[PDB]
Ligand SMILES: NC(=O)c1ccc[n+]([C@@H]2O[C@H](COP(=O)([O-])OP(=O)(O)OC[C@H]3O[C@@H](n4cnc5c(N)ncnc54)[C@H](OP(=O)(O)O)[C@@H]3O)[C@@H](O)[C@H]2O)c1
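Only one chain is included here, represented as structure tokens and corresponding to the form solved without the ligand.
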């Protein structure tokens, strides 16, 4: 095979990110074997040098001439840094005088935390490395490709990013799932604008057989890694659930934490002045041991203990707690009166191996072709797809026929719920977060106050002016139930301040503060990579930042809103809104599954303000007012306290993680 494809890519120049190892290294190798000139770029100098040297050795043996000039490298390329990526484009052009193929392969695993535990810096890094980087390179290379009359851009996405019209939950990996869904969503929404010259496609492999998956050197394989995190998250969730259940029954949070601080299951199981929830928790923990590990004798490690107090803090459960209300966040790891010894594992390796075999079997059982593709299999597929000249705007699936069955699909709304369900809102508080979507914010505030008899709508805005514009659209009597909170630092601070001032919300509606830009690849005024990074911040990170607090609130429903497009607009804003709708659905689907595992059980649903077909967008005032009314009906449908999940397995499922277009 490897010596008999010299004709497939002869003279084509490729820039490949993450080109030192895995799929990227194999794609670099096979493009070179196929006659291509390759600039391989990566962070690690040594891996990259060894990889390129093996490729050049093979090119000699199949009798290419001039083999050193055919495969070039650039190390210390950090895809989270714009200046570093620009160096990769400059190096490709200096070496080869053009770029034919851009292969957006570099990727990080990301935070590997539940949304409620995930830092904003970790989230931002994942989105910067995995998604914004791809747009940065597209911005710089697409004009070069258009000017020469041809090019190909390929995004290396993941099965876990979902597929067109079908989102997929990836619990513990929301940052990763969003970044991968985004790489595909770019292909779906932007390929129109890269044509006619540039083909723009994705690949979406699932798990891939090689050193990284198997584990090499000292390193756990990926299923063993996932399994160990599953158990850590299970212990955190269990300790947290017991603490919350005790606090709901009216045990003081300081009493719960003083009792957890003793960190001794034996003593907690039977000591009668531990609340029932902590006794039940300690008994259950005491049955999970193997005779070597310590998690059967200690409830918590410092790391799980720190994550626990962060969850209690962010739910506002320390507001009235004298000590905990002012303790420095820096000390969240230091409050246990005893810690597991460092000479023994916390977790049992048998339970880790069983979690890993369940992950592994769960994938293997879903493959039509019965075995996971290798890195070489996926790279081979990639190099074959790169030779086609008729495909654009598609995602290829070199996964082994990976088939995860789910019904998390974009729905157009036409329907409603009972007046008895809406009447449960009477006297309650709701939060609406927004700025520019004044008609939608106003009609929703009106529906909650006038139709559902909510006592208080807290309108959280970027500016006083944004508040005034919505208030001006309400009747004076309805406006007396609207409260203003203007963001002064960040949205999480504003949500903490709303919770502190006016209490626990029943419904949180999250809308973007800013309208989408009306540009993308236009030579006169293109969307710059900094402006695209802002689009991601305003339309994806914003909802993550609201979600990570809202998911900690008992009896609250969370509603996320994707962007609108101004009536009569004919710009790429419509493409950008569909890009966000797809990418946010990965978030909504994943968070709906994580939240069902948390004691707070917060439902999350998405409402879309842009339709899939631009000609079906509202085209006159009657249609605009119809959509504004439909939007508020959709918010009530997923925002009002939900009917019984025990009622119906089918209906239970429809109200978690839906994406509904109005």
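Positions refer to the first chain, counted from 1.
Below, we refer to the form deposited with the ligand bound, which is not included among the displayed structures.
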- Message: Whether residue 288 contacts the ligand in the deposited complex should be assessed with a 4.5 Å heavy atom distance threshold; does it?
- Response: no
- 4.5 angstroms heavy atom contact with the ligand in the deposited complex for residue 176: yes
- Task: Determine whether any heavy atom of residue 42 comes within 4.5 Å of a heavy atom of the ligand in the deposited complex, and answer yes or no.
- Result: yes
- Task: Tell me, yes or no, whether residue 585 is in contact with the ligand in the deposited complex, where a contact means a heavy atom of each within 4.5 Å.
- Result: no
- Pick from 201-209, 574-582, 510-518, 295-303: which stretch has a heavy atom within 4.5 Å of the ligand in the deposited complex? 201-209
- 162, 400, 182, 107 - the one with a heavy atom within 4.5 Å of the ligand in the deposited complex: 107
- Note on the structure: Contact with the ligand in the deposited complex, heavy atom within 4.5 Å, among 158, 126, 562, 92 goes to 158
- Query: Listed by sequence position, which residues of 290-325 have a non-hydrogen atom within 4.5 angstroms of the ligand in the deposited complex?
  - Reply: none
